[PDB]
Amino acid sequence: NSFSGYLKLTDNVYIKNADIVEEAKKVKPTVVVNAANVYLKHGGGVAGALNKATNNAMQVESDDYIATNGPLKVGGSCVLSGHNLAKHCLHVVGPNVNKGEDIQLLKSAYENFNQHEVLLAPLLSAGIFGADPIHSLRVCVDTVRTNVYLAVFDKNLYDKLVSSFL
Ligand SMILES: C[C@H]1CCCN(c2ncnc3[nH]ccc23)[C@H]1CO
């Protein structure tokens, strides 16, 4: 793909200080990952921002998905359209550690990435779900074996992540 300006972290994990929405608009990847909740209610953070960029089409599609299939599992995922941003969106639910959900489920969440050869993705559980971002990055690197391009919006956090020893 046309991923540009990324820093290599490992054999298969690359990182960039960017809004995942802007990266998706530029690159139009096969798969963009959403940091979803089990109800696919895309209110804020990555999910709200991706949905807004689709003019709410992501939410309309998600509502039909839930009406048919019910909620996702914590640690689970589903593949839906990427609309104008990507071919597909992999909606992945990391644990909400601020609500007592088991942080071990973060590994299960990242395992979903292994079903896709290349992904543009955020750090799961590292926003309002309250997991330590360095921990989320470590779980990502230790779990995902396919090619993952991570976008981290916050500059201060990015700078910290890339100066940390995993
Ligand atoms: C570690 C993440 C926590 C959630 C929010 N973050 C985003 N990263 C990339 N693109 C994004 N778009 C909108 C939000 C957003 C990261 C922090 O900046």
# chains A, B, ... in the order shown; residues from 1 in each chain; ligands from 1

$ residues_near_ligand --ligand "ligand 1" --cutoff "8 Å" --atoms "only C-alpha atoms and all ligand atoms" --output "ChimeraX atom specification"
/A:17-21,35,44-50,121-128,133,150-155,157-158

$ write_last_selection --atoms "C-alpha atoms" --output "short mmCIF file (atom, residue, chain, number, x, y, z; two decimals), in the first residue's frame"
data_model
loop_
_atom_site.label_atom_id
_atom_site.label_comp_id
_atom_site.auth_asym_id
_atom_site.auth_seq_id
_atom_site.Cartn_x
_atom_site.Cartn_y
_atom_site.Cartn_z
CA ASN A 17 1.53 10.19 14.66
CA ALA A 18 -1.72 10.76 12.74
CA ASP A 19 -5.49 10.66 12.98
CA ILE A 20 -6.50 7.21 11.75
CA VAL A 21 -9.34 8.92 9.84
CA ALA A 35 -12.05 0.69 18.38
CA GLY A 44 -16.40 9.43 20.19
CA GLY A 45 -12.70 8.73 19.89
CA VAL A 46 -11.72 6.54 16.97
CA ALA A 47 -15.26 5.20 16.50
CA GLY A 48 -17.03 8.54 16.54
CA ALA A 49 -14.40 10.07 14.26
CA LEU A 50 -14.52 7.23 11.71
CA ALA A 121 -5.35 0.32 13.21
CA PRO A 122 -5.48 2.26 16.49
CA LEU A 123 -4.26 1.13 19.89
CA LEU A 124 -7.16 -0.74 21.43
CA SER A 125 -8.48 0.07 24.91
CA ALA A 126 -6.01 3.01 25.22
CA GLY A 127 -8.55 5.86 25.12
CA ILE A 128 -11.70 6.11 27.26
CA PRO A 133 -1.19 2.76 26.11
CA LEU A 150 -0.73 1.92 13.84
CA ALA A 151 -1.94 5.53 13.84
CA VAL A 152 -1.78 7.40 17.17
CA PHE A 153 -3.37 10.87 17.10
CA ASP A 154 -1.93 12.41 20.25
CA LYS A 155 1.58 13.72 19.58
CA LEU A 157 1.56 10.00 23.49
CA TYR A 158 3.21 9.02 20.20
#

$ residues_around --residues "residue 105 of chain A" --least-positions-apart "2" --cutoff "7 Å" --atoms "only C-alpha atoms" --output "PDB file with N, CA, C and O atoms, in the first residue's frame"
ATOM      1  N   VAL A  74     -16.938  -8.799  24.200  1.00  0.00           N
ATOM      2  CA  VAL A  74     -15.689  -8.124  24.559  1.00  0.00           C
ATOM      3  C   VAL A  74     -14.543  -9.041  24.146  1.00  0.00           C
ATOM      4  O   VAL A  74     -14.527 -10.229  24.494  1.00  0.00           O
ATOM      5  N   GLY A  75     -13.597  -8.499  23.375  1.00  0.00           N
ATOM      6  CA  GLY A  75     -12.545  -9.277  22.745  1.00  0.00           C
ATOM      7  C   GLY A  75     -12.875  -9.727  21.336  1.00  0.00           C
ATOM      8  O   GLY A  75     -12.007 -10.284  20.649  1.00  0.00           O
ATOM      9  N   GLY A  94     -12.036  -3.981  22.446  1.00  0.00           N
ATOM     10  CA  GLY A  94     -11.150  -4.217  23.562  1.00  0.00           C
ATOM     11  C   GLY A  94     -11.887  -4.060  24.883  1.00  0.00           C
ATOM     12  O   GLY A  94     -12.969  -3.473  24.944  1.00  0.00           O
ATOM     13  N   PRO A  95     -11.319  -4.581  25.969  1.00  0.00           N
ATOM     14  CA  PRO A  95     -11.954  -4.417  27.280  1.00  0.00           C
ATOM     15  C   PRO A  95     -11.950  -2.970  27.731  1.00  0.00           C
ATOM     16  O   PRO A  95     -10.992  -2.219  27.512  1.00  0.00           O
ATOM     17  N   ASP A 102     -11.951  -7.472  31.978  1.00  0.00           N
ATOM     18  CA  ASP A 102     -10.688  -8.192  32.133  1.00  0.00           C
ATOM     19  C   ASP A 102      -9.676  -7.729  31.090  1.00  0.00           C
ATOM     20  O   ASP A 102      -9.881  -7.922  29.891  1.00  0.00           O
ATOM     21  N   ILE A 103      -8.562  -7.145  31.546  1.00  0.00           N
ATOM     22  CA  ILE A 103      -7.525  -6.670  30.632  1.00  0.00           C
ATOM     23  C   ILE A 103      -6.957  -7.797  29.779  1.00  0.00           C
ATOM     24  O   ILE A 103      -6.437  -7.535  28.692  1.00  0.00           O
ATOM     25  N   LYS A 107      -5.674  -9.132  24.657  1.00  0.00           N
ATOM     26  CA  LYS A 107      -4.975 -10.044  23.759  1.00  0.00           C
ATOM     27  C   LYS A 107      -5.957 -10.691  22.784  1.00  0.00           C
ATOM     28  O   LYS A 107      -5.693 -10.772  21.578  1.00  0.00           O
ATOM     29  N   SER A 108      -7.107 -11.158  23.289  1.00  0.00           N
ATOM     30  CA  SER A 108      -8.131 -11.720  22.413  1.00  0.00           C
ATOM     31  C   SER A 108      -8.562 -10.722  21.351  1.00  0.00           C
ATOM     32  O   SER A 108      -8.762 -11.088  20.186  1.00  0.00           O
ATOM     33  N   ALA A 109      -8.713  -9.454  21.740  1.00  0.00           N
ATOM     34  CA  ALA A 109      -9.090  -8.421  20.783  1.00  0.00           C
ATOM     35  C   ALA A 109      -8.068  -8.320  19.652  1.00  0.00           C
ATOM     36  O   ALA A 109      -8.425  -8.306  18.472  1.00  0.00           O
TER      37      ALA A 109
END

$ select_by_dssp --residues "chain A" --states "strand (DSSP E)" --output "PDB file with N, CA and C atoms, in the first residue's frame"
ATOM      1  N   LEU A   7       7.200   4.835  11.150  1.00  0.00           N
ATOM      2  CA  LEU A   7       8.364   4.344  11.867  1.00  0.00           C
ATOM      3  C   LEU A   7       8.221   2.843  12.126  1.00  0.00           C
ATOM      4  N   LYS A   8       9.270   2.096  11.804  1.00  0.00           N
ATOM      5  CA  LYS A   8       9.268   0.660  12.031  1.00  0.00           C
ATOM      6  C   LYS A   8       9.465   0.376  13.512  1.00  0.00           C
ATOM      7  N   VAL A  13       5.167  -4.493  12.661  1.00  0.00           N
ATOM      8  CA  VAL A  13       4.407  -3.398  13.256  1.00  0.00           C
ATOM      9  C   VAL A  13       5.111  -2.074  12.983  1.00  0.00           C
ATOM     10  N   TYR A  14       4.361  -1.112  12.415  1.00  0.00           N
ATOM     11  CA  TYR A  14       4.802   0.240  12.073  1.00  0.00           C
ATOM     12  C   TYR A  14       3.861   1.239  12.748  1.00  0.00           C
ATOM     13  N   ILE A  15       4.352   2.454  13.042  1.00  0.00           N
ATOM     14  CA  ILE A  15       3.583   3.454  13.786  1.00  0.00           C
ATOM     15  C   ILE A  15       3.803   4.863  13.242  1.00  0.00           C
ATOM     16  N   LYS A  16       2.767   5.692  13.352  1.00  0.00           N
ATOM     17  CA  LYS A  16       2.795   7.061  12.853  1.00  0.00           C
ATOM     18  C   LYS A  16       1.926   7.931  13.751  1.00  0.00           C
ATOM     19  N   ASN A  17       2.339   9.188  13.941  1.00  0.00           N
ATOM     20  CA  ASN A  17       1.532  10.187  14.655  1.00  0.00           C
ATOM     21  C   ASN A  17       0.552  10.788  13.656  1.00  0.00           C
ATOM     22  N   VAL A  31      -8.260  -2.748   4.967  1.00  0.00           N
ATOM     23  CA  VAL A  31      -8.895  -2.888   6.275  1.00  0.00           C
ATOM     24  C   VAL A  31      -8.474  -1.733   7.169  1.00  0.00           C
ATOM     25  N   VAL A  32      -9.454  -1.000   7.696  1.00  0.00           N
ATOM     26  CA  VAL A  32      -9.248  -0.086   8.814  1.00  0.00           C
ATOM     27  C   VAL A  32      -9.920  -0.699  10.038  1.00  0.00           C
ATOM     28  N   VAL A  33      -9.238  -0.647  11.176  1.00  0.00           N
ATOM     29  CA  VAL A  33      -9.777  -1.150  12.434  1.00  0.00           C
ATOM     30  C   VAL A  33     -10.462  -0.018  13.186  1.00  0.00           C
ATOM     31  N   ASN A  34     -11.683  -0.292  13.666  1.00  0.00           N
ATOM     32  CA  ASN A  34     -12.389   0.581  14.585  1.00  0.00           C
ATOM     33  C   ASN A  34     -12.261   0.052  16.009  1.00  0.00           C
ATOM     34  N   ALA A  35     -12.037   0.973  16.947  1.00  0.00           N
ATOM     35  CA  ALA A  35     -12.049   0.690  18.381  1.00  0.00           C
ATOM     36  C   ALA A  35     -13.494   0.816  18.860  1.00  0.00           C
ATOM     37  N   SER A  77     -15.069  -9.230  17.368  1.00  0.00           N
ATOM     38  CA  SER A  77     -15.005  -8.356  16.207  1.00  0.00           C
ATOM     39  C   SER A  77     -16.051  -8.754  15.180  1.00  0.00           C
ATOM     40  N   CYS A  78     -16.278  -7.847  14.234  1.00  0.00           N
ATOM     41  CA  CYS A  78     -16.997  -8.176  13.012  1.00  0.00           C
ATOM     42  C   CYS A  78     -16.422  -7.357  11.865  1.00  0.00           C
ATOM     43  N   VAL A  79     -16.568  -7.878  10.649  1.00  0.00           N
ATOM     44  CA  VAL A  79     -16.150  -7.189   9.430  1.00  0.00           C
ATOM     45  C   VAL A  79     -17.371  -6.552   8.784  1.00  0.00           C
ATOM     46  N   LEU A  80     -17.320  -5.241   8.590  1.00  0.00           N
ATOM     47  CA  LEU A  80     -18.354  -4.482   7.898  1.00  0.00           C
ATOM     48  C   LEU A  80     -17.686  -3.656   6.799  1.00  0.00           C
ATOM     49  N   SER A  81     -18.472  -2.847   6.097  1.00  0.00           N
ATOM     50  CA  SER A  81     -17.908  -2.014   5.053  1.00  0.00           C
ATOM     51  C   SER A  81     -16.982  -0.942   5.630  1.00  0.00           C
ATOM     52  N   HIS A  88     -12.923  -2.449   3.860  1.00  0.00           N
ATOM     53  CA  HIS A  88     -13.586  -3.047   4.999  1.00  0.00           C
ATOM     54  C   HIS A  88     -13.208  -2.302   6.268  1.00  0.00           C
ATOM     55  N   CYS A  89     -14.111  -2.345   7.247  1.00  0.00           N
ATOM     56  CA  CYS A  89     -13.814  -1.925   8.608  1.00  0.00           C
ATOM     57  C   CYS A  89     -13.944  -3.145   9.512  1.00  0.00           C
ATOM     58  N   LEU A  90     -12.853  -3.484  10.206  1.00  0.00           N
ATOM     59  CA  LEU A  90     -12.859  -4.501  11.250  1.00  0.00           C
ATOM     60  C   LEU A  90     -13.163  -3.809  12.574  1.00  0.00           C
ATOM     61  N   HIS A  91     -14.390  -3.985  13.075  1.00  0.00           N
ATOM     62  CA  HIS A  91     -14.785  -3.418  14.358  1.00  0.00           C
ATOM     63  C   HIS A  91     -14.319  -4.362  15.452  1.00  0.00           C
ATOM     64  N   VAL A  92     -13.447  -3.896  16.348  1.00  0.00           N
ATOM     65  CA  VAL A  92     -12.845  -4.735  17.376  1.00  0.00           C
ATOM     66  C   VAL A  92     -13.141  -4.142  18.741  1.00  0.00           C
ATOM     67  N   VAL A 118      -3.030  -7.188   6.098  1.00  0.00           N
ATOM     68  CA  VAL A 118      -2.595  -5.808   6.300  1.00  0.00           C
ATOM     69  C   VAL A 118      -3.742  -5.047   6.952  1.00  0.00           C
ATOM     70  N   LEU A 119      -3.422  -4.230   7.957  1.00  0.00           N
ATOM     71  CA  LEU A 119      -4.432  -3.405   8.599  1.00  0.00           C
ATOM     72  C   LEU A 119      -3.860  -2.043   8.960  1.00  0.00           C
ATOM     73  N   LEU A 120      -4.695  -1.003   8.848  1.00  0.00           N
ATOM     74  CA  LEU A 120      -4.504   0.290   9.506  1.00  0.00           C
ATOM     75  C   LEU A 120      -5.317   0.249  10.793  1.00  0.00           C
ATOM     76  N   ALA A 121      -4.699   0.576  11.927  1.00  0.00           N
ATOM     77  CA  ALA A 121      -5.346   0.324  13.205  1.00  0.00           C
ATOM     78  C   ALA A 121      -4.976   1.364  14.251  1.00  0.00           C
ATOM     79  N   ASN A 147       0.608  -7.639   9.087  1.00  0.00           N
ATOM     80  CA  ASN A 147       1.231  -6.325   8.942  1.00  0.00           C
ATOM     81  C   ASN A 147       0.295  -5.240   9.441  1.00  0.00           C
ATOM     82  N   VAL A 148       0.656  -4.584  10.538  1.00  0.00           N
ATOM     83  CA  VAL A 148      -0.223  -3.596  11.158  1.00  0.00           C
ATOM     84  C   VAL A 148       0.465  -2.232  11.198  1.00  0.00           C
ATOM     85  N   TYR A 149      -0.229  -1.232  10.631  1.00  0.00           N
ATOM     86  CA  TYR A 149       0.174   0.166  10.593  1.00  0.00           C
ATOM     87  C   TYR A 149      -0.677   0.878  11.635  1.00  0.00           C
ATOM     88  N   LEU A 150      -0.048   1.260  12.741  1.00  0.00           N
ATOM     89  CA  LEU A 150      -0.731   1.916  13.843  1.00  0.00           C
ATOM     90  C   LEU A 150      -0.674   3.430  13.680  1.00  0.00           C
ATOM     91  N   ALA A 151      -1.826   4.074  13.821  1.00  0.00           N
ATOM     92  CA  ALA A 151      -1.935   5.528  13.841  1.00  0.00           C
ATOM     93  C   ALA A 151      -2.307   5.940  15.256  1.00  0.00           C
ATOM     94  N   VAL A 152      -1.526   6.852  15.840  1.00  0.00           N
ATOM     95  CA  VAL A 152      -1.784   7.403  17.166  1.00  0.00           C
ATOM     96  C   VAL A 152      -1.908   8.915  17.015  1.00  0.00           C
TER      97      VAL A 152
END

$ atom_distance --atom1 "atom CA of residue 137 of chain A" --atom2 "atom CA of residue 106 of chain A"
10.5 Å

$ select_by_dssp --residues "segment 40-123 of chain A" --states "alpha helix (DSSP H)" --output "ChimeraX atom specification"
/A:45-53,57-69,105-111

$ closest_residue --among "A:145, A:25, A:160, A:73" --to "residue 12 of chain A" --atoms "only C-alpha atoms"
A:145

$ atom_distance --atom1 "atom CA of residue 52 of chain A" --atom2 "atom CA of residue 24 of chain A"
13.0 Å

$ closest_residue --among "A:96, A:10, A:115, A:59" --to "residue 141 of chain A" --atoms "only C-alpha atoms"
A:10

$ atom_distance --atom1 "atom CA of residue 69 of chain A" --atom2 "atom CA of residue 39 of chain A"
10.5 Å

$ residues_around --residues "residue 97 of chain A" --least-positions-apart "4" --cutoff "6 Å" --atoms "only C-alpha atoms" --output "compact mmCIF listing (two decimals) with N, CA and C atoms, in the first residue's frame"
# COMPACT_ATOMS: atom_id res chain seq x y z
N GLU A 101 -13.67 -4.54 33.11
CA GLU A 101 -13.53 -5.66 32.19
C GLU A 101 -12.09 -6.16 32.20
N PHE A 129 -11.38 3.68 27.35
CA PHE A 129 -11.43 2.38 28.01
C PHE A 129 -10.33 2.21 29.07
N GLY A 130 -9.35 3.12 29.14
CA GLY A 130 -8.51 3.25 30.32
C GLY A 130 -7.30 2.34 30.45

$ closest_residue --among "A:99, A:65, A:72, A:138" --to "residue 165 of chain A" --atoms "only C-alpha atoms"
A:138
